[PDB]
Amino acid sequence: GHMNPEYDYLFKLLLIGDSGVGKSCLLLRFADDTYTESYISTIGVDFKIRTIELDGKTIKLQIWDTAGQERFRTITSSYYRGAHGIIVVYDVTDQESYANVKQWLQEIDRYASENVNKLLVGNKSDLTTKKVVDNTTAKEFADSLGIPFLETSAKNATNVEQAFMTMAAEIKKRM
């Protein structure tokens, strides 16, 4: 916590999506490189900070984690407006969470800035035998929207770093 800041850009990111899809674990894996099997539902909101490097630019990411339960929708909606980028997370083993992605996209249109960047993430790719959302259908949806799409595992860390880097590069190009 300096007086003279050694970063070039500050990007504010937001994680949204159904409860239990792994939003908090993705943040924990990215910001702290750890992982808990405990299901500790998020109370309203929280954020962590991680600094990254992109084309010679040092970029501070402020990443907001939100409760997915509908019950918290009023509380979490205040936080959409200031986001540079919003990541919508679903669970590849959970068909209904993918189904709800259309709803989460409408929450973004209602509450976020007009030009906010968006990224679609299917989490829990480690659960091989339990996967039910074909990445073909997810990818083809994302593409019809001009949205980038990635599958991740917060548990074994696959693609987690790449997900946030991809989001940051999209913002940088825009901003």
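Throughout, we count residues from 1 along the sequence that is shown.
*Asks:* Mean C-alpha B-factor higher for 23-31, or for 106-114?
*Replies:* The stretch with the larger mean CA B-factor is 106-114.
*Asks:* Using the temperature factors in the entry, find which of 123, 62, 58, 42 has the highest value at its Cα atom.
*Replies:* Of the options given, 58 has the highest CA B-factor in the PDB entry.
*Asks:* Determine, from the deposited record, the chain-internal third of the Cα B-factor for residue 84: lowest, middle or highest.
*Replies:* Residue 84: CA B-factor falls in the lowest third of its chain.
*Asks:* Would the CA B-factor of residue 76 place it in the lowest, middle or highest third of its chain?
*Replies:* As the PDB entry reports it, the C-alpha B-factor of residue 76 lands in the lowest third of its chain.
*Asks:* Test of reading the entry: by CA B factor among the chain's modelled residues, which third contains residue 119?
*Replies:* Bottom third by C-alpha B-factor.
*Asks:* Of the three thirds of its chain by CA temperature factor, lowest, middle or highest, which one includes residue 132?
*Replies:* Residue 132: CA B-factor falls in the middle third of its chain.
*Asks:* Looking at the entry's B-factor column for C-alpha atoms only, identify whether residue 67 ranks in the lowest, middle or highest third of its chain.
*Replies:* It belongs to the lowest third of the chain when residues are ordered by C-alpha B-factor.
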